[PDB]
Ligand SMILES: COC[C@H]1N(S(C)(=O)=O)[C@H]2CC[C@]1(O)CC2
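A lone chain, given as structure tokens: the form deposited without the named molecule.
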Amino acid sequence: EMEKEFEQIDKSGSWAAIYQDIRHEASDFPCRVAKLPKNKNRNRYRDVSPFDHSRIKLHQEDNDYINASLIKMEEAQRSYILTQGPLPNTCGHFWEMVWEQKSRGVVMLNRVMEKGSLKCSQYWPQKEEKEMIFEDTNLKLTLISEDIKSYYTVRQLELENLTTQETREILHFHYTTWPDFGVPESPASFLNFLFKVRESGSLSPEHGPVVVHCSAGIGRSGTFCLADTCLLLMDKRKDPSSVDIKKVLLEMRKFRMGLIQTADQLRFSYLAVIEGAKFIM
């Protein structure tokens, strides 16, 4: 039903109409904590906030706030943390969350600079011998290795809790070719990227939830988890054509607002799922 509904929406040119109905139907829950004045500099955008009921709380709790949401997909048996690109003042918070939530992978879907503006702070070290220390959260981060491919980069990082001297290996998956405007021409490299993340074990239930971000953490980030969850459901169910991507998206939007930012991102999500299903038989 998905591939035929796709072609009929293309034929009738009603992607904006379909997308607006999702916007209208989407849940609205309070974001009281995000809106407190003391957290203004912990939010990149005024209009992108985590719901109180699903927000990630920092454990070092004098201020527990971070702009990050837990998206828990019950039937698919997969969880994701969606967050904004770290700000100059929230890089220590970002790695604290990674530590406290026991995540193994970080998925980054933007470049640090896009359209000539800073979209995210440089929150990981660029050279092995120049490690980063986050003094506010008492964490040390070391670049262990880096593998640059044409459409993405994988980095091995070592995160040390300086308080307890425990260390963990974090895998950083950086998709580096999403265009400044619009969506990719073809989903092929995005899907290959998704399967690289999968193959690493970072999405497996023995670990904490993968941390996924772009600049706002709703657009490309929404595309990534939406495609992943829909493909899992097609694999699991007796009837793969029963998977309704609009229903899955609305379910995810119960946990973080704004996921999928444009009708073009919606269309691209359909395209990724349809093409990805062909790969997984």
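Don't overthink the numbering: it's just position in the shown sequence, from 1.
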### Message
On mean Cα temperature factor in this entry, is 65 to 73 or 34 to 42 the higher one?
### Response
34 to 42
### Query
Comparing 99 to 107 with 177 to 185, which has the greater mean CA B-factor as deposited?
177 to 185
### Task
Tell me, please, which of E251, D52, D228, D239 has the highest C-alpha B factor according to the deposited entry?
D239
### Residue of maximum C-alpha B factor among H59, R220, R256, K247, per deposited coordinates
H59
### Query
What third of the chain, by the recorded C-alpha B-factor, contains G116?
middle
### Task
Please place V197 in the lowest, middle or highest third of its chain by C-alpha B factor as given in the entry.
lowest
### Task
Relative to the other modelled residues of the same chain, rank the CA B-factor of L141 and answer lowest, middle or highest third.
middle
#### Entry: Third of chain Cα B-factors occupied by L159
middle
### Message
Ranking the modelled residues of this chain by C-alpha B-factor as given in the entry, is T167 in the lowest, middle or highest third?
### Response
highest
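The protein also exists as the form solved in complex with the named molecule; that form is not presented, and the subsequent description refers to it.
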### Message
For a quick check, can you give me the residues of 258 to 276 that have a heavy atom within 4.5 Å of the named molecule in the deposited complex?
### Response
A263, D264, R267
